[PDB]
């Protein structure tokens, strides 16, 4: 069920396997793209951060992104665009006291968690080119089969 932990790496995750991300203090936890219609990046914002512009390197480019976290939880900013020419938009947020995030390829979609623990749930981004989505994972991570999503969900929401 819980395969890991693996060290930071760059690879194309197989379909129907959750990547469970376990950051320490990395600013950017994951950068995923197929170079056609998916660019997704997860940023990590520590507790009690007054709204401010921070610099992040996404897919080799410096971006200035305004972040805020008025909670005692960690926030994963899900940044997204569907073309190489576009700027990133803040698409979703996962607010978490477990400091865990997830990434899954399945059913022509990329899936992530959002909302607030312990009631975080999943949502998708569409793609015509799922198989070519490659992830640079900058944290330790685990691999969980999609059939075991009940466990992954549990880990996301209540921790390891």
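Residue numbers count along the first chain shown, from 1.
When 65-73 is weighed against 124-132, 65-73 comes out higher, by mean CA B-factor as recorded in the entry. Per-stretch averaging of Cα B factors for 51-59 and 106-114 places 51-59 on top. Out of 31, 97, 46, 37, the entry records its largest CA B-factor for 97. Residue 93: CA B factor lies in the lowest third for its chain, per the PDB record.
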